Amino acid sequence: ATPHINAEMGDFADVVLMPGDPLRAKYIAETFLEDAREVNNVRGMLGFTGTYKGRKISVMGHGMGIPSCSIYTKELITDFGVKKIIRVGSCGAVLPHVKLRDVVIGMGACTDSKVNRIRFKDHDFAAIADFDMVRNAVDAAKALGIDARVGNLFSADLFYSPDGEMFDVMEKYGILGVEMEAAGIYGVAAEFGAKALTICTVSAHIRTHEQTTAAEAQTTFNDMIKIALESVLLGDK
């Protein structure tokens, strides 16, 4: 057991899908995994392990924000033998050509957090996903006939940002989705020696104020899950 996960080595697969919402983790386990078993509920942060097409897979929530997901991803990597983390999240769009439910793949993640500056002597660490995992997700999406854009996410510390003008800057620099975790997970993967990828579903448009409901995010973002799971199978080859 670790301070935030009451489980033992072997309870998790070597690949873990991670939504921010533990209820989404529950939905994923019930809907996509066979013979799923709950392996953690410390702090209500539900985690499960089962199989997808014979392949051992885990899914567990990581909570909201870089500091929360940094705890869970670290513990999984250092104490549970986890080799790959695939965040399956939601995000808000700033670009005009992006619609609700669009799937975006974060090859990189910008951020206004200080965590990577703390790691990297106050320089610019380019928080990037593992290339093979990106390519696996792209290929899986194509086989599924699901459109997906690959590019930069922005990982915000403040969902309610006092700096509205920063969204103009994100838009200028082609940011595909604003979420709150990717850059931190990528920093953890590099620090602790594992691999990670974030895929998000657009659940809000920051300009139009169109948005999906909480229930929709919890139980209807199926495209990104299929992409994530099928991408794992590709990586195994």
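Note that residue numbering begins at 1 and tracks the sequence as displayed.
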198-206 set against 181-189, stretch whose average Cα temperature factor tops the other in the entry:
198-206
Compare the mean C-alpha B-factor of 142-150 with that of 74-82 as given in the PDB entry, and name the stretch with the higher value.
142-150
I'd like to know which of 92, 162, 106, 89 has the highest C-alpha temperature factor in the PDB entry.
162
Of the choices 126, 98, 158, 134, which one's C-alpha carries the largest B-factor in the record?
98
Split into thirds by Cα B-factor across the chain's modelled residues, where does residue 54 land: lowest, middle or highest?
highest
Assigned third (lowest, middle, highest) for the C-alpha B factor of residue 232
middle
In terms of the CA temperature factor given in the entry, to which third of its chain does residue 19 belong: lowest, middle or highest?
lowest
Residue 69: CA B-factor among chain residues, third -> lowest
Residue 33 CA temperature factor, ranked by third within the chain:
highest
